[PDB]
Amino acid sequence: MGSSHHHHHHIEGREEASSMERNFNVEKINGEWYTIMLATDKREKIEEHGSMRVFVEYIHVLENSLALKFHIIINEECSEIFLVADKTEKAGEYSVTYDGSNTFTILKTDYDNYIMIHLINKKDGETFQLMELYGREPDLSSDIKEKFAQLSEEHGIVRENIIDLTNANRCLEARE
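As presented, residues are numbered from 1 along each chain according to the written sequence, a scheme that may differ from that of the entry, and residues lacking coordinates are left out. In computing side-chain properties, one takes all heavy atoms of the structure into account and sets aside hydrogens as well as water.

This entry, as listed in the PDB, derives from solution NMR.

Next up, the structure:
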């Protein structure tokens, strides 16, 4: 008998480093987005049989506000909702009407990673914490889940509530 041999090679593509958010620009976010994962202290509200699992399909920037378009599962079919968030006395915080009172703020969002949005809703004298994450693509790195999840703890949100909507209603076929 005899014996054979072989070899192996490496992979190139050394990524580069980035600087601080000095090149900030609204034009970057201005356009469209995609749903990555849904989190909230009330997982029952974002359930499959709930009505609080609405997600935006595209984000628009106005002169003195920001337009948005969310959808909702109605009769086993996607929907189309339109709303506008007007700026408040304080910059960064935006208020919009939707089934009552709603107000979000930009705490952390990168055009190279993803955009986080802390939305708080109130109803029946009961208010819960809601979170929304969007990325350039419908699927982000597995590490991103834990990266954005870190902020979830801030609102007392446990990973137990953080579930990937990838294997759930996407409705990405309705949007355009």
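Caption draft 1: Representation of the overall build of the protein. Scanning the protein from terminus to terminus reveals two helices and 10 strands. Seen in sequence order, the protein has helices and strands lined up from the N terminus as α-β-β-β-β-β-β-β-β-β-α-β. Note on method: radius of gyration uses C-alpha positions; expected globular size equals 2.2 Å times residues raised to 0.38. Scaling as 2.2 N^0.38, a compact globule of 176 residues should have a C-alpha radius of gyration of about 16 Å, whereas the protein reaches 20 Å, well beyond that. A principal-axis box enclosing the C-alpha atoms of the protein has dimensions of 80 × 40 × 35 Å. Residues are treated as being in contact if the distance between any of their heavy atoms lies within 4.5 Å. Taking all contacts inside the protein whose residues are at least 6 apart in sequence as the whole, residues at least 24 apart take part in 47%. With residues, only the protein chains shown are counted as cover, and all accessible areas are computed by Shrake-Rupley using a 1.4 Å probe. Split by element, the accessible area of the protein, about 13100 Å² in all, is 45% carbon and sulfur. Computed over 19 positive and 34 negative side-chain charges, the inter-centroid distance for the protein is 3 Å. Put simply, DSSP H or I for four residues or longer makes a helix, DSSP E for two residues or longer makes a strand, and each gets a number counted from the N terminus. All tallies of charge rest on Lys and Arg as positive and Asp and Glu as negative; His and the ends of each chain are not included. To locate a charge, take atom NZ for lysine, CZ for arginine, CG for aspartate or CD for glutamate.

Caption draft 2: Highlighting the side chain of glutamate 57. As for its placement among the helices and strands, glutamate 57 is situated in strand β3 (residues 55-61). With near-sequence residues (within four places) excluded, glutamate 57 lies in contact with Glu32, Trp33, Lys69, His71, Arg175 and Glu176.

Caption draft 3: How the structure looks around unusual backbone geometry. One non-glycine residue, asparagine 75, adopts positive backbone phi at about 60°. Positionally, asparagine 75 belongs in the loop between β4 (65-71) and β5 (83-87). With a phi close to 55°, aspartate 124 is a non-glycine residue in the positive phi region. Relative to the elements of secondary structure, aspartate 124 occurs in the loop between β8 (114-123) and β9 (126-135).

Caption draft 4: Broad picture of helix α2 (residues 142-152). Each residue is placed in one exposure class: buried if its accessible area under a 1.4 Å probe, protein chains only, is under 20% of its type's maximum, exposed if it is over 50%, and partly exposed if it falls in between. Among all positions of α2, only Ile144, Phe148, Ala149, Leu151 and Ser152 are buried. In an axial view of α2, the angular spread of the buried residues amounts to 140°, which keeps them on one side of the axis. The exposed residues of α2 that point more than 90 degrees off its buried face are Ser142, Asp143, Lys147 and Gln150. Where the residues of α2 are buried, they touch β2 (35-40), β8 and β9. Arc definition: directions from the helix axis to the C-beta atoms.

Caption draft 5: Local environment of the environment of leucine 66. Inspection of the secondary structure puts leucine 66 in strand β4. In this structure, the C-alpha to C-alpha distance between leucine 66 and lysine 145, residues 79 residues apart in sequence, is 26 Å. Each residue touching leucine 66, except ones within four places of it in the same chain, is listed here: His60, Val61, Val84, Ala85 and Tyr94.

Caption draft 6: Local environment of the nonpolar core. Formed by 25 residues in total, the largest nonpolar core has its most connected members in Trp33, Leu38, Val56, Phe70, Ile115, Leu130 and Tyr134. Looking at this core, the elements with two or more residues in it are β3, β4, β5, β6 (93-97), β8 and β9. In contact with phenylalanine 70, other than residues within four places in its own chain, are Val54, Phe55, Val56, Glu80, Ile81, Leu83, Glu132 and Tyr134. One finds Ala39, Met116, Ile157 and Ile162 within the second-largest nonpolar core, a separate group that totals 13 residues. The nonpolar core is taken to be a set of buried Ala, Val, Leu, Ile, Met, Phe, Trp, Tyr and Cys residues, with the residues joined through side-chain atoms within 4.5 Å.

Caption draft 7: View of the state of the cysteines. Any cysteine sulfur atom paired with another within 2.5 Å is treated as part of a disulfide. Applying the stated rule across the entire model yields one disulfide. Each sulfur of the disulfide joining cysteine 78 and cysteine 171 lies 2.0 Å from the other. One disulfide, between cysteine 78 and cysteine 171, carries an S-S torsion of -100° and so falls in the left-handed class. Of this pair, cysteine 78 sits in the loop between β4 and β5 while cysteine 171 sits in the segment after β10 (163-164), and the two are 93 residues apart along the sequence. On the basis of relative accessible area, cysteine 78 is assigned to the partly exposed category, the value being 28%.

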